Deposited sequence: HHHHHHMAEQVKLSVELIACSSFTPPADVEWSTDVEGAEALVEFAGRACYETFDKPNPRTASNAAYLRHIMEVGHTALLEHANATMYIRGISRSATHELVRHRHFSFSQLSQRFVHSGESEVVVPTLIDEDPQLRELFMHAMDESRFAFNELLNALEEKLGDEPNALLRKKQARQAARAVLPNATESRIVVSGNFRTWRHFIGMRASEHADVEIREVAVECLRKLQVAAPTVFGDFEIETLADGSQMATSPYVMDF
């Protein structure tokens, strides 16, 4: 059974200031937190600079001056489904995330194959075959601890096998993931995952992620770049 990518933003930072701090801002949550952490460094809760007085303007300055460490206080959790095991192998290479993965048939078809009906059929026949071989092996094994027979038979399962993964990281880790994977260089499936995560995070925190440019490439696949 063929499944498509699904990215859902399931967690985010909720911010509340200490009451005894003379400071307020034009935004709530993660982006207010980031501003708070910045002002906490220099004791600028009274906003002495008229240029960087607003949240959006404040966060934009943090960026240029390269104080991206401030981004580490804000957090986001994605629940990702419809991602292959091979793309998940790439995703877990990013070591500042925290993961909870589905303990290892639904399958993920590469879009270049999905776009050609005749290749798709050929692909799915190869998937059925893998699954037939898995069952034929698992039954041969269990015949003659039984977690051991399944973990052995799994060896036959394809890269395309769907995984599901909870992934948490701070905004700095997200920006780095997206910067590496959403660029045109990158593997197609992980690029799509990154663009989709970005899209969710551009909604959640428009200024932190605003500098990223989503373009549709000619092949209809999307990409993102930043200065």
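Ranges missing from the model, given as deposited sequence positions: No C-alpha coordinates exist for 1 to 8, 113 to 119, 160 to 168, 252 to 256.
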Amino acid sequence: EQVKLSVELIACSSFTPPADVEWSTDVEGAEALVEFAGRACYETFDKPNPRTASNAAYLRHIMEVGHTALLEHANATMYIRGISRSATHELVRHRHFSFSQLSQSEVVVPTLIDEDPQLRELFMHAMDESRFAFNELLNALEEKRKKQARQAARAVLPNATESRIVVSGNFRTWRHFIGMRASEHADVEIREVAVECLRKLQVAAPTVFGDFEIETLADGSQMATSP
From here on, numbers count along this sequence of modelled residues.
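Mean temperature factor over C-alpha atoms, higher-scoring stretch between 181 to 189 and 167 to 175: 181 to 189 has the higher mean C-alpha B-factor.
146 to 154 versus 108 to 116 - greater average Cα B-factor per the deposited record: Higher mean C-alpha B-factor: 146 to 154.
Residue with maximal Cα B-factor (values as given in the PDB entry) among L33, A56, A69, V195: Most elevated C-alpha B-factor of the set, per the entry: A56.
Third of the chain's Cα B-factor distribution that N139 belongs to, per the entry: CA B-factor rank for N139: highest third.
Position of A40 among the chain's modelled residues by C-alpha B-factor, lowest, middle or highest third: Its C-alpha B-factor belongs to the middle third of this chain's values.
Lowest, middle or highest third - CA B-factor, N49: For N49, whose C-alpha B-factor we compare with every modelled residue in the chain, the answer is the highest third.
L201 CA temperature factor, ranked by third within the chain: CA B-factor rank for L201: middle third.
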